[PDB]
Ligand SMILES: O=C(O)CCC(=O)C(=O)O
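Only one chain comes next, encoded as structure tokens, the form solved without the named molecule.
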């Protein structure tokens, strides 16, 4: 599979100027979506923050006194309506929701138990949520007039950090792939060929179209299908809108309110 270099070629988006640098990157991001099926940006300094977060997650996975499995999803307070945050034992991973970061109460306990990882995760979540909301604005701008705003939900969005890891797409609105520890993540282009983005040890983030956005754009934007082919740690933000909100679609240029919710879409 051919390597796809992105350092130096993708638009540069600086941590202390996210909103403005994304505006300037709009045209380039649009052409990525049209020409590749996924989007990319270089965020100087993101790589060291993500690597520190991932390395500390890896240490937490082996910690025993207070284990990470003390915060398995089935023993963590969950929202009445919503997804499932907490730890997922074994290939083993955690979902850090925006609700969890705000302790919505006891749900934040995994972060108080491992505050070094948890501080980094909250930091990366906030950067990633700002970035992915602006990627969402770019995609919206490519859609017909009258397209509602994506309205990504802070509390429902979650950051997944994976330890120890087939063709798949993501179910949510948008995914933000953060620089993984190792090469291996691959994407299919519009022509059906596979490329392997160079993102390990880099400041490059990838933005995925998820199946919810495919649905809301009635097919205009295909899901960013990808796979992982190893020879290890990775993290990605999954952004969804409010679970209880009604679905919508832009069919042939007209806004189209459905009776099912975004939470129904997942199930």
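Residue numbers count along the first chain shown, from 1.
Quick note: we don't show the form deposited with the named molecule bound, though the next part is all about it.
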Worksheet item: How does the site look for the named molecule after superposition from its pose in the bound PDB entry: open, or blocked with 3 or more ligand atoms within 2.4 Å of a backbone or C-beta atom?
Response: open
Worksheet item: Just one of 30, 49, 220, 232 has a heavy atom within 4.5 angstroms of the named molecule in the bound PDB entry, so which one?
Response: 232
Response to the item:
Answer key, the named molecule contact in the bound PDB entry at 4.5 Å (heavy atoms) among 162, 138, 132, 99: the residue is 162
Worksheet item: If you check in the bound PDB entry, is residue 185 within 4.5 Å of the named molecule, heavy atoms only?
Response: yes
Item to complete: Find out whether any non-hydrogen atom of residue 238 is located within 4.5 angstroms of the named molecule in the bound PDB entry, and reply yes or no.
Response: yes
Discussion item. Taking the named molecule as it sits in the bound PDB entry, is residue 180 in contact with it (heavy atom to heavy atom, 4.5 Å or less)?
Written reply: yes
Discussion item. Given that the named molecule is not shown alongside this chain, does residue 112 nevertheless sit within 4.5 Å of it in the bound PDB entry, heavy atom to heavy atom?
Written reply: no
Item to complete: Specify the contacting stretch among 141 to 149, 172 to 180, 123 to 131, 68 to 76, defined as having any heavy atom within 4.5 Å of the named molecule in the bound PDB entry.
Response: 172 to 180
Worksheet, complete the sentence: Applying a 4.5 angstroms cut-off on non-hydrogen atoms, the residues of 202 to 226 near the named molecule in the bound PDB entry are 226
